[PDB]
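Every residue, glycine as well, gets a Cβ built from its backbone with ideal geometry; the counts of neighbours run over all protein chains shown. Nothing in this text is a laboratory measurement; each read-out follows from the coordinates by a stated rule.
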Amino acid sequence: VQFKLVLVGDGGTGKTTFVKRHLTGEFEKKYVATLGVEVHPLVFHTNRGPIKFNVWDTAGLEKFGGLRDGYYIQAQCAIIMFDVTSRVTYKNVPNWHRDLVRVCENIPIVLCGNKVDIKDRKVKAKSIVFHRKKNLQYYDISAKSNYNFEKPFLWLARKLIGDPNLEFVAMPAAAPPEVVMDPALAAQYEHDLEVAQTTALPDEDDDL
Amino acid sequence: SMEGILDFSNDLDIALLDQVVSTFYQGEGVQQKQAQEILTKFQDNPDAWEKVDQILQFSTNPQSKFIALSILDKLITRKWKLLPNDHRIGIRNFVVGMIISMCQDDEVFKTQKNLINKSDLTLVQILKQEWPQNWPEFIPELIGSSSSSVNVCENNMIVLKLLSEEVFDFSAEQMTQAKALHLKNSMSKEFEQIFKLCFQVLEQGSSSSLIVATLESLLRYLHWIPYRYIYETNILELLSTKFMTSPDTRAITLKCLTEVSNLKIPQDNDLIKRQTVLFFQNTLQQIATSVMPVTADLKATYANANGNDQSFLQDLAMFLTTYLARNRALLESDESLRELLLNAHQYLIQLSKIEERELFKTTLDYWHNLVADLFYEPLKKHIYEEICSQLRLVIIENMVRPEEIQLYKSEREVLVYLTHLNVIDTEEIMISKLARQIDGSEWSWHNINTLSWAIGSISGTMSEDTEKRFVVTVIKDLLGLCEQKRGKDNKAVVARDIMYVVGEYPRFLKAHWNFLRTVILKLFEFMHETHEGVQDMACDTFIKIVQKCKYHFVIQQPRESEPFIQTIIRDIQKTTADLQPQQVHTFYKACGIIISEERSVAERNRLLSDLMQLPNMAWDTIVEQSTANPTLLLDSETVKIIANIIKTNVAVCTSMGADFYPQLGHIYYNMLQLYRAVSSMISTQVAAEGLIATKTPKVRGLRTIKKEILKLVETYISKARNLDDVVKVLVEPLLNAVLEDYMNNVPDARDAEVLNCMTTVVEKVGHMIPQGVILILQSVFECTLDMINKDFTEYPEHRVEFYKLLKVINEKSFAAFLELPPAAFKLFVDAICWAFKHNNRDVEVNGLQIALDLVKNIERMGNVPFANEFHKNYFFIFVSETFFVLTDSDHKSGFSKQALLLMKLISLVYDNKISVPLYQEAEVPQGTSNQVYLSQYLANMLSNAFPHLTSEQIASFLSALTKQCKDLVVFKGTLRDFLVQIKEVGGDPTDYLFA
Amino acid sequence: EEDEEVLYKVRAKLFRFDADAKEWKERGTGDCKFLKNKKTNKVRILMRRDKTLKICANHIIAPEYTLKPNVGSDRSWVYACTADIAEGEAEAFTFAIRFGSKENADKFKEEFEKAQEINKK
Ligand SMILES: C/C=C/[C@@H]1O[C@H]([C@@H](N)/C=C/C=C(\C)C[C@@H](C)/C=C(C)\C=C\[C@H](O)C[C@H](N)CC(=O)O)C[C@@H](O)[C@@H]1C
Ligand SMILES: Nc1nc2c(ncn2[C@@H]2O[C@H](COP(=O)(O)OP(=O)(O)OP(=O)(O)O)[C@@H](O)[C@H]2O)c(=O)[nH]1
Ligand SMILES: [Cl-]
Ligand SMILES: [Mg+2]
């Protein structure tokens, strides 16, 4: 049970950051532009069993665009992403949508306005209506605060499985093993832990 | 092995390409990644297009052919015009032939839609280059080949759709103005024949796939074609009857009819009105008989999400709202149209019950339109009474919290209008929903909350007397609910909702002092409750009530010994004893609001003195101790206490502004001594521990003290009325305490808040302290520039605050830049251009504005040596830096301000407003106008930067640009035209004559 | 997880140290639970992310482990863990876990020591 998902939108909108958060849990603060596409499997556990997304995280910058719409072939779902702190990224939503549906004519698509965590929002709720005539689901999201960050995938899963009551569930957690500390690595740890204690945790002003 | 396709010295092994492509689309992990890179390098090879024929002929992988077509598209869209005519016709004929071949084979047509659609778009790209001037018979041949084959006819509809999109829907940014108009006129000239074909296919029918594709093209045509093609043929009737009855065509037809509803149409023609009514009548009839009756439960349908029901229902809401917003008046006068009007609205009511946020928003926009008009329009509401009654329930049951700012606003506005239209109906619905909460049948946290938000939203719509009776009923009812409920969780939810409602009804509070007093006292009781959310809601309700009712706390109410503000302050220690610091600050901020209602200076100052008693006394003790034992600042507890005192001051200063001065004066000297002592400690700790010290709790705590001090000063100065005191008392000690400390700390220890504070100082009193501004620049300019001029990412706060500070200095105290040494002024110019190159909108916009303001500042100086030297040294730097960010495709968000700057610079020369030559001697005949030399410089600069442009292109562009340098809109169009032309070869230089 | 008793529940953010990048990377934010297995009486940490409910920590509170301060925080602990099975195959990690307040971090340490004592039996 696996589905190809393409992720498109302007450079810097947070596509890769959002996927990474989902894959590993981390929040990457740096902007390293994607080169062509990055492909990563991503699994959720539902009340109907596991669902795998084959995530094609494509490049938004023209100069790094690679195969462009070539990446869209045989996609079964999509996320179009913009940045609510950048008007141009919303202005380009119809261009991404155009290029996407010319290749993928009848697929579920979520439009996502990312970075709603930032106070000075530039693309106002009132302005975001493009999704209505194109039958796209819409969510405000923040890869940084995790506002609504499950919603795009939960929605797509409900559409692809064809069950509107599908939920993400907790899978039971296996009992973890007892430990054996090698006295040969004893010192090894002292070092590695020394480095870790003296590297500051990020974002010490946040609520957690 | 896979890298072999990249070796062009050999012939291309198609089977290898097909392997690479398969490995990419169907492979995994490491293999997929390698193929990926290889395919990208293949595709981006500038000679790759030469292999397209071979791949399209001999590959058996449709993904390979798809990528081949991408390669060809790059050629067609960028370098087409370099090809000889015979080759262009060769390619054209190959693409056409491949499309027809694929369509004539039923198996391939069925199974290879991806490759065909890609081919069709490739063709459309060729039409954009070649048609009609180099291909006048394209449309006749397309029309002709349509009768040969149903598959070809169907595919031809996809081509015409894509053509229409490229010419009408997406041309604006992808083509020159002149080319867009050319292709628009060209499609217009031949549309008559195109429509004849579309109509015939619709009339004759049969193939649903063909019908659907035709209707898809029509939806695009409706963006631009004249109304007569719809209204003066049978096509309206076809759309609104036949094509609504079959579900294969219903979706596209409904979208078509929505766009039909938006056509430009004559207003004074009874036949057209009857046609507008009729197609609506037809469409709604087809829905009622073929899809679902008016009574259907659309909430349930949508929820079940069968087939394409969700999309269909979305599309129906869009059609009803679009049509009714424009045409409902057509249905309102004639009593034979009453049922139709009300049924259409009834469907909307049912759609409005669908649990789908974004669909709700679409219907809500319509309801807002309707109820607003019923509020104003004469002889109308009577029609919609039952609709409005249902809608009241729908809105009340869907009210969101006011934190959802836009949706709450929309919902409140609709409910307010509905309340005005029938106050009694609204009241009854609310009381009876409250009864359902009390009887347990509808009880839940969500439900009592939404009801409370709804009750709160309509505050101010009722008469004061109706409001009074309503409010009392609601409060009694909610108090009863609270009692009934068992357990702190439940009672806490109801209590918050009571707090909420009461806070939304200030008019009632203002008329009933005894009740207002009781509410505050009860909020104070709640400020001792540990249960989560209760203290926060108590404090938030307190300040909300204060914002609206403050006058009632500052006067002596009858049967009271004193103004309640006095009572609040007398007991403040006990009231706030269990609050978290943030809550305490809100409380003090609220008290500040009240105190500013007192306009007797002496009484105000004494109230302020009394409010600040506890923070001032703690301050006084620490001042002694902290100084005596500087180690005390190392005490975590001490640092926390100090920070909170400052924060308390900030909170009160926020609400009192100019009135806060006596309190700022009381602490000012010791506060700046504390700033210096904390600065010592920070420096001391960074010396002893390294840069890592800045991450420690102790140092972050010390810096918090510095930041809050800067915030307090910023807050006061931004609202101060007596600027003479600001300058005479506040500014000098401030600059002395903060500037050198900022300049002589290492980058990682410098607080960007310093810059922000200085921005406020210069904003408010810049003109009054010329020497202070000079001092600010000397302290912060070079050291900050050096922090942010190595990349675009380091020190983001400093970066933003830095350009805000330069902006205000260049606005208010330009003389400070005049007193800079030439070398420092050159750094200033470098700084401005640096901001241009930023993609961050904050920095970029300020960069452009400073540039613009600086030019104006220079212009003002008139014909003197500094201004003449400015132009000689920097005019060309500004012109070329601005062209750089215009043309590099990485700074599109700055386009408008870039254009404005560029226009101002070009106009300076076109008007002869620069007094000396811009060229250095013996570079050009010595009489030569700056106009001619500017033409020469730009032509040379653009030729070098864009060598594929002709001289004719560059000369026409500059000629247009200089002529248009007093008309921003046209200028901007010429710039955009240029941005299109630099992306291709062979752009028409006459495009710049567009008018 | 009804074969387990909930000894302690607290909201936390969890990090793992990446030596390669020499930086802390978030692993998850959500409820950190101390679960006592009612068969073995062994206590584990189990932590699930908000929204997705995915497992970001699953390991025994080993007696040998020592909670250490991070230079940047008065409300975190760092410790080495030699076998965590959140992502499947048991791996060693240098973890940091941060809480809402110093109070919470202190309480966590109190309970973490209580768990170590239980696991020593
Ligand atoms: C003009 C006045 C008209 C009438 O005045 C009556 C009079 N007893 C006023 C009472 C006011 C209060 C009890 C304060 C109350 C309305 C405000 C708040 C924030 C009360 C919250 C509830 O007490 C929460 C809850 N009961 C506390 C708990 O038990 O957990 C109450 C009522 O009949 C009506 C408003
Ligand atoms: N404040 C905030 N920043 C975010 C958010 N999501 C991402 N970012 C940041 O914004 C930048 C986005 O970078 P990426 O995720 O690489 O952007 P992208 O769209 O993948 O870019 P391309 O690969 O070039 O198309 C990074 O600096 C992220 O840390 C968010 O929700 N809020
Ligand atoms: Cl008043
Ligand atoms: Mg990316």
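A single member of A:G25, A:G60 is of a type outside the set (D, E), away from ligand 1 (no atom under 16 Å from the Cβ) and free of Cβ contacts under 8 Å to residues at least 24 places away in the same chain, and it is A:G25.
Does B:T461 satisfy the criteria of being in a loop (DSSP other than H, G, I, E, B) and closer than 21 Å to B:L370 by Cβ? So B:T461 passes the test. Residues that are over 30 Å from B:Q112 (Cα atoms) and facing chain B (nearest Cβ under 9 Å) number at least 1 in the following helices (runs of 4 or more DSSP H) confined to the stretch A:75-161: A:87-91.
Residue by residue, here is whether (1) aromatic (F, W, Y); (2) at the interface with chain A (Cβ under 10 Å from one of its Cβ atoms) holds:
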site	(1), (2)
B:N45	no, no
B:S70	no, yes
B:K74	no, yes
B:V96	no, no
B:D105	no, no
B:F109	yes, no
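For (1) within 16 Å of ligand 3 (Cβ to nearest atom); (2) surrounded by fewer than 21 Cβ atoms within 10 Å (Cβ to Cβ); (3) not charged (D, E, K, R), each residue gets a yes or a no:
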site: B:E358; (1), (2), (3): no, yes, no
site: B:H368; (1), (2), (3): no, yes, yes
site: B:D373; (1), (2), (3): no, yes, no
site: B:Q390; (1), (2), (3): no, yes, yes
site: B:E403; (1), (2), (3): no, yes, no
site: B:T419; (1), (2), (3): no, no, yes
site: B:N449; (1), (2), (3): no, yes, yes
site: B:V471; (1), (2), (3): no, no, yes
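The residue that is farthest from the chain's Cα centre (by Cα), among those in the stretch A:165-182 that are of a type outside the set (A, V, I, L, M) and under 19 Å from C:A57 (Cα atoms), is A:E178. Note on the stretch B:134-160: residues that are within 14 Å of chain A (Cβ to nearest Cβ) and either over 43 Å from the mean Cα position of the chain (by Cα) or under 30 Å from B:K972 (Cα atoms) (or both) amount to 0. Within the stretch A:1-32, restricting attention to residues that are among the charged types (D, E, K, R) and farther than 22 Å from A:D99 by Cβ, the residue that is farthest from ligand 2 (Cβ to nearest atom) is A:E26.
With respect to the stated conditions, A:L35 is in a loop (DSSP other than H, G, I, E, B), within 14 Å of ligand 2 (Cβ to nearest atom) and among the aliphatic types (A, V, I, L, M).
Considering the conditions (1) more than 9 Å from chain A (Cβ to nearest Cβ); (2) in contact (Cβ under 8 Å) with a residue 12 or more places away in the chain, C:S76 is excluded by exactly one of them, (1). When restricted to residues that are β-branched (V, I, T) and more than 9 Å from chain A (Cβ to nearest Cβ), the stretch C:1-50 contains 3. Per the conditions (1) over 24 Å from B:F836 (Cβ atoms); (2) not in a helix (DSSP H, G or I), the sole criterion not satisfied by B:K913 is (1).
Considering only the stretch A:54-64, state which residues are of a type in the set (A, V, I, L, M) and either at the interface with another protein chain (Cβ under 10 Å from one of its Cβ atoms) or within 11 Å of ligand 2 (Cβ to nearest atom) (or both). Across the stretch A:54-64, the qualifying residues are A:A59, A:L61.
Considering each of B:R78, B:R92 in turn, give the residue that is under 39 Å from the mean Cα position of the chain (by Cα) and of a type in the set (D, E, K, R). Exactly one of B:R78, B:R92 is under 39 Å from the mean Cα position of the chain (by Cα) and of a type in the set (D, E, K, R), namely B:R78. For the stretch C:4-30, the tally of residues that are part of a strand (DSSP E or B) and closer than 21 Å to A:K20 by Cα stands at 15. Counting the residues of the stretch A:29-53 that are within 14 Å of chain C (Cβ to nearest Cβ) and within 10 Å of ligand 4 (Cβ to nearest atom) gives 1. Looking across C:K33, C:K114, C:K38, C:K102, one residue alone is farther than 23 Å from C:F17 by Cα and either without any contact (Cβ under 8 Å) to a residue 40 or more places away in the chain or crowded, with 18+ Cβ neighbours inside 10 Å (or both). It is C:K38. Scanning the stretch B:82-104 for residues that are loosely packed, with under 13 Cβ neighbours inside 10 Å and farther than 19 Å from B:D53 by Cα yields no hits at all.
Out of everything in the stretch A:65-74 that is of a type outside the set (A, V, I, L, M) and in contact with a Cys (Cβ under 9 Å, 6 or more places away or on another chain), what residue ends up being nearest to the other protein chains (Cβ to nearest Cβ)? Of everything passing the filter in the stretch A:65-74, A:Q74 is nearest to the other protein chains (Cβ to nearest Cβ).
Looking only at residues in the stretch B:544-575 that are away from ligand 3 (no atom under 16 Å from the Cβ), in a helix (DSSP H, G or I) and under 12 Å from B:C591 (Cβ atoms), the one that is nearest to the other protein chains (Cβ to nearest Cβ) is B:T575.
Table: residues versus (1) more than 8 Å from ligand 1 (Cβ to nearest atom); (2) touching a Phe, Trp or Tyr at 6+ places or on another chain (Cβ under 8 Å); (3) not in a loop (DSSP other than H, G, I, E, B).
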{"position": "B:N514", "(1), (2), (3)": "no, no, yes"}
{"position": "B:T518", "(1), (2), (3)": "no, no, yes"}
{"position": "B:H528", "(1), (2), (3)": "yes, no, no"}
{"position": "B:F542", "(1), (2), (3)": "yes, yes, yes"}
